[PDB]
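Visitor:
Number of protein chains: 2
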Amino acid sequence: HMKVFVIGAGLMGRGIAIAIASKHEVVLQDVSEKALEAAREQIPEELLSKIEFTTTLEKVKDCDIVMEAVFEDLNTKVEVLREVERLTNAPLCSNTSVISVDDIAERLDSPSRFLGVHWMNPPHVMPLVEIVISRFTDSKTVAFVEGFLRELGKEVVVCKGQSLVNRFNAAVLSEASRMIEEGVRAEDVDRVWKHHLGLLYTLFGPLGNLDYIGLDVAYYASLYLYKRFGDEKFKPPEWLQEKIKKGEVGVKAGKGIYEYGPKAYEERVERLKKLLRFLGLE
Amino acid sequence: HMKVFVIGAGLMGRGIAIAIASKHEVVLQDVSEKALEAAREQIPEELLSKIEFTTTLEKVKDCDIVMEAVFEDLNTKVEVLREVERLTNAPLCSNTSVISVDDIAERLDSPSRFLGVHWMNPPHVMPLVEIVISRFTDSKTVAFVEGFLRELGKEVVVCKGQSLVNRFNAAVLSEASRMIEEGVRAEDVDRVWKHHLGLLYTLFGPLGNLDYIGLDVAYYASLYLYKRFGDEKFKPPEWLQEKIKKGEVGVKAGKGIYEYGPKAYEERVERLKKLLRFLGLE
Ligand SMILES: [Cl-]
Ligand SMILES: [Cl-]
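Those sequence lines, one after another, are chains A and A'. A prime marks a further copy of an entry chain. Note that PDB author numbering has the first sequence beginning at 0, numbered continuously upward. Note that PDB author numbering has the second sequence beginning at 0, numbered continuously upward.
What follows is the structure in structure tokens.
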């Protein structure tokens, strides 16, 4: 059982404190006592015995990890982090939506133990947490924070410099924007996800899904699309071509991006049928 | 109850025949009797009373709609479609993965009643079907095929020239390829979908999800990312800026891309918790 200092009693700070208090003690700090009171009344009653609410920083030196979730502004984050870094040598973790971790890190005195920890909303519900490292972050700090988050029951992905989730959301939104400008209804953009792509990417991911499509199929299909249209997004990737030269063409060969057993196709359909039934889309 | 002619007794043709035979009579044609025999033994026994297997085209003139699912090659598709167009004035529907519907249509004698119908795999399980229209396709042909598919229980999206699903898959795969080349493990690319983005896009779609993020939040966040990094995918869309000028900033304003009632945030969390529990990711 560790003690975690959480800076900022807004929605995200409050949620992080709830997620952590399941297993650890928390100190939740905010300069506003009104924010602390509002937070307290939103926290499950059983967890209140594990959370100290405060306006000051004296408990920072007693904590094993600091999580910062203040306003999304470079100078504000730098200011709070520079204050806390003098009080402790613990890992310092900014919940940063889009502010660059490298831009923050380069303004700290001791950036080797600073990194980004990107929680999803609500932090205590959603399983994914991304660790976003700067060029300064050391390996020990990553492994410590990764272990902490994993032991909390989170699914952890470590990213360099930028969030992978933000990257994928922007790539999808950029394409959706093209469709919107072309005249595609928003509802239809969403329906191709809600009734198809979201299901496949949920169960298999986009790369796992590719194995079932067939890596050979995908390379020649994307290549045709590139030669026909020829949007950059269709351009056939180099990593894919090494796979096809190896005969690692997917589920049909028992190996593509991943390795498969004989019942893979049958299991795919079983899992999709189950998800469709659950969602009421059967 | 209509009669539908399906050309090609491979996996996709066989699956389309199974999907349709739930409600309609089917003639399933292939030049190979061995393919027809293999198809017959994969078709549910209760449906066999609704499906005629044949090697010839005499029943095409009796059918209300023709679905073509032959080898993915322009000249092969054109050849079969040119043959069938002489025998009937019914809508002609090519299950085309990536071959351009416009390239096919321009080689037909009567392209006003030709369109693409893109079934997912397996056709009889997966609810989404895309209609992909050429510059020639008339509105009557679309509405007829859309109605047929809807009444079959499919979720139909009508697309101009290219599949929206193919577009989104290529956009996501292009970004994943960048990540792969950078050193991101495939498993991690997939985990950000399987444990997060796939769930959000399944339940809300990428645009509906944006409403909860906040359209104002997204515009300024993407704008920062564009000014900082500045990948084209971060470039802030024009449609978004009109929304923010209108105060249609999302769920918080009761209106963004879509319109919302007071319990929207609470209902979002309830639906995500239910899906997490079902998937065993809670
Ligand atoms: Cl203090
Ligand atoms: Cl004939």
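Idealized CB from N, CA, C, for every residue including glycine.
1. What does DSSP give as the partner residue(s) for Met11 (chain A') in the beta ladder?
2. Thinking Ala170 (chain A) and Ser221 (chain A') are a contact (beta carbons under 8 Å), I'd like their distance in whole angstroms, please.
3. Spatial neighbours of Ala217 (chain A') within its chain, please: CB distance less than 6 Å, with the 5 preceding and 5 following residues excluded, ordered by chain position.
4. What does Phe4 (chain A) pair with, by DSSP beta-bridge criteria?
5. Under 7 Å Cβ-Cβ, which residues of chain A' neighbour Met119 (chain A)?
6. Who are the near neighbours of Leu280 (chain A) in its chain, counting only those whose CB is closer than 7 Å to its CB and skipping five residues on each side?
7. Which one of A':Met119, A':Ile50, A':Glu57 and A':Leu214 has the shortest CA to CA distance from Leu86 (chain A')?
8. Please output, in chain order, the residues near ligand 1 using a CB cut-off of less than 7 Å to any non-hydrogen atom of the ligand.
9. I want to see whether chain A' comes within less than 8 Å of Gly9 (chain A), judged by CB atoms only; does it?
10. Which stretch, first to last residue, makes up the beta strand (DSSP E) that contains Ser93 (chain A)?
11. Count the other C-beta atoms from every protein chain shown that fall within 10 angstroms of the C-beta of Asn94 (chain A), then say buried if there are 16 or more, exposed otherwise.
12. Leaving aside the five residues before and after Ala142 (chain A) along the sequence, list all residues of the same chain whose C-beta is less than 8 Å from its C-beta, in chain order.
13. To which residues of the same chain is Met119 (chain A) closer than 6 Å at the C-beta, ignoring the five residues directly before and after it?
14. Quick check: the Cα distance between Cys92 (chain A) and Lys234 (chain A'), rounded to an integer number of angstroms?
15. Give me the subset of the region 198 to 212 of chain A' whose CB atoms are less than 9 Å from a CB atom of chain A, sorted by chain position.
16. Measure from the alpha carbon of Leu278 (chain A') to the alpha carbon of each residue in A:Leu202, A:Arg184, A:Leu224 and A:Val131, then state which is nearest.
17. According to DSSP, what are the bridge partners of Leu127 (chain A)?
18. I'd like to know whether the C-beta of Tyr218 (chain A') is nearer than 8 Å to at least one C-beta of chain A.
19. For a minimum of 4 consecutive residues, which ranges assigned as the alpha helix (DSSP H) are wholly contained in the region 196 to 223 of chain A'?
20. Indicate the three-state DSSP secondary structure (helix, strand or coil) for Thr53 (chain A) in the structure shown.
21. Taking only the alpha-carbon atoms, compute the straight-line gap between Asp215 (chain A) and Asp72 (chain A') and give it to the nearest angstrom.
22. What does DSSP give as the partner residue(s) for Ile132 (chain A) in the beta ladder?
23. Helix, strand or coil: how does DSSP classify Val248 (chain A') here?
24. Does the beta-carbon distance from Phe4 (chain A) to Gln41 (chain A) come in below 8 Å?
Guide: With the structure as the only source:
1. For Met11 (chain A'), which the question treats as bridged, DSSP gives no partner whatsoever.
2. Their Cβ separation, rounded to whole angstroms, is 12 Å, which puts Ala170 (chain A) and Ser221 (chain A') out of contact at 8 Å.
3. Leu209
4. A:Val26 and A:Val65
5. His195
6. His194
7. A':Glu57
8. A:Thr55, A:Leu56 and A:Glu57
9. no
10. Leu91 to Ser93
11. buried
12. none
13. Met125 and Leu127
14. 28 Å
15. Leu198, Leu199, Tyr200, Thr201, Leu202, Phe203, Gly204, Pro205, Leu206, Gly207, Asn208, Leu209, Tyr211 and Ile212
16. A:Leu202
17. A:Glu154
18. no
19. 197 to 202 and 204 to 212
20. strand
21. 15 Å
22. A:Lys159
23. coil
24. no
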